[PDB]
Amino acid sequence: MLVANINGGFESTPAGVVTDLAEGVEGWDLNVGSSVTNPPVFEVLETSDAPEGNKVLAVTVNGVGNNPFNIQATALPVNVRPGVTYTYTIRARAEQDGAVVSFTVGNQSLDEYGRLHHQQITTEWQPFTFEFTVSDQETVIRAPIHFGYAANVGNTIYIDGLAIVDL
Ligand SMILES: [Ca+2]
Numbered sequence: 001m002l003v004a005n006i007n008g009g010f011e012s013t014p015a016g017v018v019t020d021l022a023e024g025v026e027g028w029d030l031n032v033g034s035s036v037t038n039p040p041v042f043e044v045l046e047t048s049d050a051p052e053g054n055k056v057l058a059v060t061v062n063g064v065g066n067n068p069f070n071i072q073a074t075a076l077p078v079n080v081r082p083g084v085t086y087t088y089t090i091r092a093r094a095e096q097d098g099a100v101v102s103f104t105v106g107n108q109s110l111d112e113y114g115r116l117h118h119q120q121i122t123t124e125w126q127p128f129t130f131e132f133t134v135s136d137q138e139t140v141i142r143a144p145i146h147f148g149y150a151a152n153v154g155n156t157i158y159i160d161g162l163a164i165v166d167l
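Take the sequence shown: its position 116, counted from the start at 1, is 116 in the numbering used here, and no numbers get skipped.
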């Protein structure tokens, strides 16, 4: 497959808790804001139930902050061409009932090209997909996933299989 993003299924990353948020996971930048005073636990899990390869990224939400983007996992770099329309697909599920996530894509100056807003994540693996167009002249963009919703407290959200493909 020809994908714009890197390590979209976490296959290159050793299983275990992610402590180096910025650089511990190839193709991704994880971030926790200072208003989250009880930090989440990001963990790459080897699991037979992984939709893609052997591994998934698990995010356990303990505290939350002031905005849902205060807990995020961002795919970057994402290599694209100006004017092209892309399909974004990712798989997600949660440990408990009631999880919410927003899947977004935008540029390095923080202009957003598109998102799936407040998606209802269930206890079963489901695909979440949308289209977006690179409407400016950027070639290296980013794909921020927001997890810091109050509804997620106590929950673990699992993601796998990010693929951003020419449409
Ligand atoms: Ca995987």
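In this text, a Cβ means the ideal position worked out from N, Cα and C, and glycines have one as well.
query                                                                                                                                                                                        : result
Please report how far the alpha carbon of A22 lies from the alpha carbon of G65, in whole angstroms.                                                                                         : 19 Å
So, are the CB atoms of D160 and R91 less than 8 Å apart?                                                                                                                                    : yes
On the three-state DSSP scale, how would you describe residue 204?                                                                                                                           : Any question about residue 204 goes unanswered here, given that the chain covers just 1 to 167.
When you compare the CB positions of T129 and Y113, do they come within less than 8 Å of one another, or not?                                                                                : no
Which residues have their C-beta within less than 7 Å of a heavy atom of ligand 1, listed in chain order?                                                                                    : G9, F10, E11, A50, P51, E52, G53, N54, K55, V56, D160 and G161
Starting from the C-beta of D111, find all residues in its chain whose C-beta is less than 8 Å away, skip the five residues before and the five after it, and write them out in chain order. : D136
Should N38 go down as buried or exposed, given a rule of 16 or more other Cβ atoms within 10 Å for buried?                                                                                   : exposed
Closer than 7 Å by C-beta to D97: which residues in its own chain qualify, once you throw out the five before and the five after it? Chain order, please.                                    : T123
Buried or exposed for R81, please, with buried defined as at least 16 other CB atoms from any protein chain shown within 10 angstroms of its CB.                                             : exposed
For the candidate residues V3, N31 and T47, whose alpha-carbon lies nearest to that of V41?                                                                                                  : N31
Between the Cα of residue 184 and those of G106, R142, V105 and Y149, spot the shortest distance and give me the residue it belongs to.                                                      : Look at the range of the chain in this structure, 1 to 167, and you will see that residue 184 is not part of it.
Does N70 come out as helix, strand or coil in the three-state DSSP assignment?                                                                                                               : helix
Checking 8 Å against the spacing of the C-beta atoms, do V140 and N79 come in under that value?                                                                                              : yes
Go ahead and label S48 buried or exposed: buried means 16 or more other beta carbons lie within 10 angstroms of its beta carbon, across all protein chains shown.                            : exposed
To the nearest angstrom, how far is the alpha carbon of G154 from that of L45?                                                                                                               : 18 Å
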